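Student: Before I ask anything, here is the structure I am working with.
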Amino acid sequence: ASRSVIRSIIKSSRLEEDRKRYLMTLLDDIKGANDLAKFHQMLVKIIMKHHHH
């Protein structure tokens, strides 16, 4: 997905702030559309797993 969409998903999430910042450092190191898409795919899985507690 786009960097802006991924950023918003992390920022709006209920993850611990330091864990949000961790994910942003990873995102900053990601390069390319394919890799951004894979990151977003991982991210959604993480968020939904965390939410489902």
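Residue numbers (the working numbering): 61 to 113.
C-beta atoms are modelled at their ideal positions from N, C-alpha and C, and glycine is treated no differently.
I'd like the list of long-range same chain contacts for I70, defined as Cβ closer than 8 Å, with 5 residues on each side in sequence excluded.
Tutor: Against the sequence shown, residue 70 aligns to sequence position 10. Once the five neighbours on either side are set aside, the close Cβ partners of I70 are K80, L83, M84, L87 and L103.
Student: Could you give the first and the last residue of the continuous alpha helix (DSSP H) run that contains residue 13?
Tutor: Because residue 13 is not part of the residues shown, which for the chain are 61 to 113, the question remains open.
Student: In the DSSP assignment, find the alpha helix (DSSP H) that holds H113 and state where it starts and stops.
Tutor: For the purposes of this step, residue 113 is taken as the residue at position 53 of the sequence shown. Looking at the DSSP string, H113 is not in any alpha helix (DSSP H), and its letter there is neither H nor E.
Student: Would you kindly work out how many angstroms separate the C-alpha atoms of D95 and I66, rounded to a whole number?
Tutor: On the sequence shown, position 35 is the one that residue 95 refers to. On the sequence shown, position 6 is the one that residue 66 refers to. When rounded, the distance between both Cα atoms is 12 Å.
Student: Along the chain, where does the alpha helix (DSSP H) containing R74 start, and where does it finish?
Tutor: Translated into positions along the sequence shown, residue 74 becomes position 14. No alpha helix (DSSP H) contains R74, which DSSP labels as neither H nor E.
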